[PDB]
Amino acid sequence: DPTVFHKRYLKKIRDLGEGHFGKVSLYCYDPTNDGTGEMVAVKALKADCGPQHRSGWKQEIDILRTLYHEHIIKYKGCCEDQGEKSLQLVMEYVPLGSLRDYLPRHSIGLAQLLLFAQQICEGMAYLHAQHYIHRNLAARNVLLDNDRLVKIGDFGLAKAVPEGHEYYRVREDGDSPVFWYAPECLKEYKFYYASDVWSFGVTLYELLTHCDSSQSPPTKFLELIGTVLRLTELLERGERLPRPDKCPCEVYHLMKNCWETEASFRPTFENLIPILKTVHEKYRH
């Protein structure tokens, strides 16, 4: 099947990005040894991860392989190292990279930022339809194809939510990222579908600040704090990231709705799509 990539034909060009478990690199898959082969993104378990990360890494691959949607990064296949030196994930190559790296370099208007947001919600609504939570939604983990279509990536923290249940209670977090996480995640280690919607709210905040570092969630939360305990206490008292410069009231309201303290009262991604469509169409012309 076309899902089998032979390592001997993979010609490394450069590195592309670093995720939770893995480093993504650009390769030419070149069976004819001709320079004419297809360009693909290949992700590998980080060199300084031990054997205990292998199960989590395989799960990322297993998850992405079961996903098929226009706003999810496309699984192409795997490459098995003959000689027990691991398994590599092969994906579509999207040269534009992440929203986090794209936004600072380009002047992007509000309507387009809301279109990016809408497309993230469509992909995430699809993800939740498959009974998966992402657990690492941030602008740095959202990629863009050549016509600026959103491709959600780094599924290194993703998990199946047990059937019947609204959340998954995590065992042990290697990395967080705490400034994108809902209170129930920080306190009770519970990750609801609604917890991804919280993270989406922070990602929308990132879009509206154009991923400026001085306005980043860590920078702004550390200013409010004046750390995970104090972050938890900050959010429990109802403090939130401020309204970005030039952000309309109703768009900030959308963000605040995603940050409601009670997980079950936040909008679902399905709810978010029509609202974002409406505000997008409103703010063009």
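One-based numbering along the sequence shown.
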{"property": "Residue 226 to residue 227: deposited residues without atomic coordinates", "result": "4 to 9"}
{"property": "Stretch with the greater mean C-alpha B-factor as recorded in the entry, comparing 64-72 against 230-238", "result": "230-238"}
{"property": "Comparing 86-94 with 198-206, the one whose average Cα B-factor in the PDB entry is higher", "result": "86-94"}
{"property": "Maximum C-alpha temperature factor, selected from 140, 134, 131, 171", "result": "171"}
{"property": "Identity of residue with top Cα B-factor, from 167, 126, 116, 155", "result": "167"}
{"property": "Chain thirds of CA B-factor: placement of residue 39", "result": "middle"}
{"property": "CA B-factor ranking of residue 55, expressed as a third of its chain", "result": "highest"}
{"property": "Third of the chain's Cα B-factor distribution that residue 219 belongs to, per the entry", "result": "lowest"}
{"property": "Residue 100 - Cα temperature factor, lowest/middle/highest third of chain", "result": "middle"}
{"property": "Where the record places residue 106 (Cα B-factor, split into thirds across the chain)", "result": "highest"}
